[PDB]
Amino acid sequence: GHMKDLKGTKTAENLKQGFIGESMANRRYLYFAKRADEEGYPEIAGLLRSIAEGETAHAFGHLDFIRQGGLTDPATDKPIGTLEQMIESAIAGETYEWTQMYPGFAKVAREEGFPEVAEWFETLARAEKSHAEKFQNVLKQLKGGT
């Protein structure tokens, strides 16, 4: 029982990268499943969806080791030990997306001659602003307010 700290280790970075790849895999497989669905391949669609559940299990297990080891959220570098911390992590990521990421992407898309992509990024910025506000309302309630 020689217990070591994950902070600042390569393993900590590897758990974060594992989480990213697992997250992408579930999204990709469910996206692919819709193409199988369209074209009439229910067994392929079903396999994609079942393997996607595996990737959920993998992502969540990475997060368990991250949280239990006192590492931060891969997306935000904020702690995710408690429910309030998790909501704070949500708010930080949403805030980054609507105040920095998506408006910057929309500006670049317009500069590069991709106005339809820019309008999408603008739509998303508005959506993440909404998400942030709604998470802020839950945080206020968790902290004992209205």
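From 1 onward, residues are counted along the sequence shown.
The stretch 116 to 124 shows the higher mean C-alpha B-factor when 116 to 124 is compared against 38 to 46 in the entry. Relative to its counterpart among 91 to 99 and 104 to 112, 104 to 112 has the higher mean temperature factor, C-alpha atoms as listed in the PDB entry.
Looking only at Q136, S130, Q17, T11, the residue with the top Cα B factor in the deposited structure is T11.
The deposited CA B-factor of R67 belongs to the highest third of values across its chain.
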